[PDB]
Number of protein chains: 2
Amino acid sequence: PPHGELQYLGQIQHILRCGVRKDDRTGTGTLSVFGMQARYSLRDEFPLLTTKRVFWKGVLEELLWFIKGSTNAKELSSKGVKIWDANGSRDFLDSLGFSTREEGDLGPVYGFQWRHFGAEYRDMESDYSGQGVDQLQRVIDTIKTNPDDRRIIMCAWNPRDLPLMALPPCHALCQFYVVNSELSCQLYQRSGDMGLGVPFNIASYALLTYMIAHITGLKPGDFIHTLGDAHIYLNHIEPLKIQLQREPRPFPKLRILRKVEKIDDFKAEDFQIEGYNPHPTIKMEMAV
Amino acid sequence: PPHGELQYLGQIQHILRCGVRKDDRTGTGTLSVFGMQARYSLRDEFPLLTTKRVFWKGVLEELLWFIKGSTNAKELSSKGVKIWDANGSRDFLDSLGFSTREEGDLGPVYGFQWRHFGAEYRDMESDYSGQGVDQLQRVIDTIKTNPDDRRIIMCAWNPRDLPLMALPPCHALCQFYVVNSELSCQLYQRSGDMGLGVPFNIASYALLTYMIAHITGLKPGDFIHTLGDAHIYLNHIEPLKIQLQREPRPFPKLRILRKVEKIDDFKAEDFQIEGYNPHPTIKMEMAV
Ligand SMILES: Cc1nc(=O)c2cc(CN(C)c3ccc(C(=O)N[C@@H](CCC(=O)O)C(=O)O)s3)ccc2[nH]1
Ligand SMILES: Cc1nc(=O)c2cc(CN(C)c3ccc(C(=O)N[C@@H](CCC(=O)O)C(=O)O)s3)ccc2[nH]1
Ligand SMILES: O=c1[nH]c(=O)n([C@H]2C[C@H](O)[C@@H](COP(=O)(O)O)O2)cc1F
Ligand SMILES: O=c1[nH]c(=O)n([C@H]2C[C@H](O)[C@@H](COP(=O)(O)O)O2)cc1F
């Protein structure tokens, strides 16, 4: 059976061979394709890429950060994960005309939309308990009890909240699905930085699916990744060309180390990736 | 070059051959597959299906209805199109809890979220002039001023408005994309009745692409249809086996008969389908 990672790389080779040139907001420029889909089995494997070393600690920490509802970049930075610091910096904030905003404050982004969709956002430090829809919880409840439901969706695209956010969410909505005691997730990623964001994003929603499978007594099934604008930034082409030449290695496995009963009780120590020996890291310059 | 229609039929064959048996809200039963994508070209063809007659007037009147921002089945029925009536009727309203709602009042459905996302829904006869977000206008604006934008997005999934609607939307979101003067559109459909809904839906969003292309100066490109739960109801397996035997005739054409400027200007007579020569219609009864 072909390797899970070939979905990703074929998407790469596809964009390199057939992407069209197209300008982007950042000035960098891209080769791009509109609409793609990739299926990654979660069954006795976890799709953390092997053709380059993906920042696992960053994946797990980012997710726990969304779970607890945080729109504070500093809560994440302090766990040693820097990935949102630039989006929360004073300068970046000034550039979007948020001179009045405390730094680290990303606006009403992922964690907020996941746990409080509809609440009126004030700042990153306010308490929102009982405000808006706890979409993440409504998903776990439907799955436990009415698993055949075709509406198990969590959406972060809030048009009322877009003008306040430091970055409009790129993983806009996702849907869970249950058959034969398997929990599958599909992600609509409106915009996908193939070299940098994407491999991370696959680990992210793969993991979310493991967590949710765990607390609901289901076995993980498929992760289905759908992209809108799938782009390779021009400065990523050489590094990616390098990446392609590597033979993929067995995907690692994921061990959840104890019985956890609520999603919010999960802590970093509960997760152990075993058997991960990726090829060496590949730096891609992030466009700003 | 294979016929675009072979994408639709291919998905039916895939479901029938590989779908897992899955229960549904209506107790009808289905054959289900989670996560699919198809790409219909819109260049010098319009993907109205030929392997059975698609109710085109219905497509056209339903879209103008959504554009008008209407949420009243009667304003669509009066134009000879009855597809939303069961959902807007007294008994059905009461069944859902809306003792209080005037007959025809579907709640805050597609038209509302497209035109006035965020506004507190009153009833169907209300005026919502400048009251929530106008996702539709914004999409056209963004295509005109900044075509390269990776956030050209329309969303009907408002978790708050959900418990007020007759049927949570299947057209959960769509994204528009521009490159080399070509406009494309990707629809995310969380739930597809492959027999009844889907062929209608393909036409629907293909039309909207042709409209927005017309008032933005663009040639239409691809429509990408992505699927959440792609099902065939059990009492559709037979009509569809009949349907798979017919050989598709060349897709028809569509012409916009006059230069129109705003999206609201469009009227049913602005559109002519040329060359639509379908096989005889097959009735698929709607599961309830
Ligand atoms: C143009 C752009 N592309 C992105 O991929 C992107 C990603 C994020 C946030 N995000 C979802 C990220 C996931 C991983 C990331 C990253 O830069 N990590 C480096 C390693 C950094 C480290 O080791 O500390 C990497 O994966 O190479 S950034 C924010 C803005 C963006 N902007
Ligand atoms: C379970 C279910 N499946 C659906 O496909 C569906 C579709 C709609 C709305 N919709 C998107 C529809 C599109 C087309 C329709 C229909 O019934 N068409 C007939 C009318 C033709 C005629 O008599 O002239 C048909 O296709 O034959 S209904 C509403 C609830 C649903 N419910
Ligand atoms: O999780 C993410 N994944 C990702 O690929 N991006 C990239 C895609 C794009 O390159 C940029 C967002 O840019 P835009 O808003 O112009 O689509 O970030 C961002 C994330 F947060
Ligand atoms: O445009 C549509 N297309 C469609 O396929 N459905 C179908 C999908 C499903 O069979 C049912 C909705 O039920 P659920 O909400 O349980 O998915 O209606 C409804 C529409 F309005």
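Count begins at 1; order follows the chain as displayed.
Just so it is clear, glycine is given a Cβ too, placed from its N, Cα and C backbone atoms.
Pulled from Swiss-Prot:
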- A:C170: active site, nucleophile (ACT_SITE)
- A:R25, A:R150, A:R151, A:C170, A:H171, A:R190, A:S191, A:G192, A:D193, A:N201, A:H231, A:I232, A:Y233: dUMP binding site (BINDING)
- A:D193, A:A287: (6R)-5,10-methylene-5,6,7,8-tetrahydrofolate binding site (BINDING)
- A:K262: SUMO2 cross-link (CROSSLNK)
- A:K267: SUMO2 cross-link (CROSSLNK)
- A:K283: SUMO2 cross-link (CROSSLNK)
- A:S89: phosphoserine (MOD_RES)
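Proximity of the recorded positions (A:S89, A:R151, A:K267, A:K283) to ligand 3: a Cβ under 6 Å from the molecule is found for none of them. Proximity to chain B, defined as a C-beta distance under 8 Å, is registered for the following recorded positions out of A:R25, A:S89, A:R151, A:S191, A:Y233, A:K283: A:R25, A:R151, A:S191. Proximity of the recorded positions A:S89, A:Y233, A:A287 to ligand 1, judged by a Cβ distance under 6 angstroms to any of its atoms, singles out A:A287 in sequence order. Counting every protein chain shown, the Cβ of A:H231 (dUMP binding site) has 26 other Cβ atoms within 10 Å.
Largest Cα to Cα distance within the recorded dUMP binders A:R25, A:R150, A:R151, A:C170, A:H171, A:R190, A:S191, A:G192, A:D193, A:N201, A:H231, A:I232, A:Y233: about 36 Å as a whole number. Local packing around the Cβ, expressed as the count of other Cβ atoms within 10 angstroms, is greatest for A:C170 among the recorded positions A:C170, A:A287. Sequence-distant neighbours of A:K262 (SUMO2 cross-link): residues of the same chain at least 6 apart with a C-beta under 8 Å from its C-beta are A:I215. Ranking the recorded positions A:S89, A:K267, A:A287 by Cα distance from A:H231 (dUMP binding site) puts A:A287 first.
The Cβ of A:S191 (dUMP binding site) has A:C170, A:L227, A:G228, A:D229, A:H231 as same-chain neighbours under 8 Å, each 6 or more residues away in sequence. Of all the recorded positions listed here (A:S89, A:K267, A:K283), A:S89 has the Cα closest to the Cα of A:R25 (dUMP binding site).
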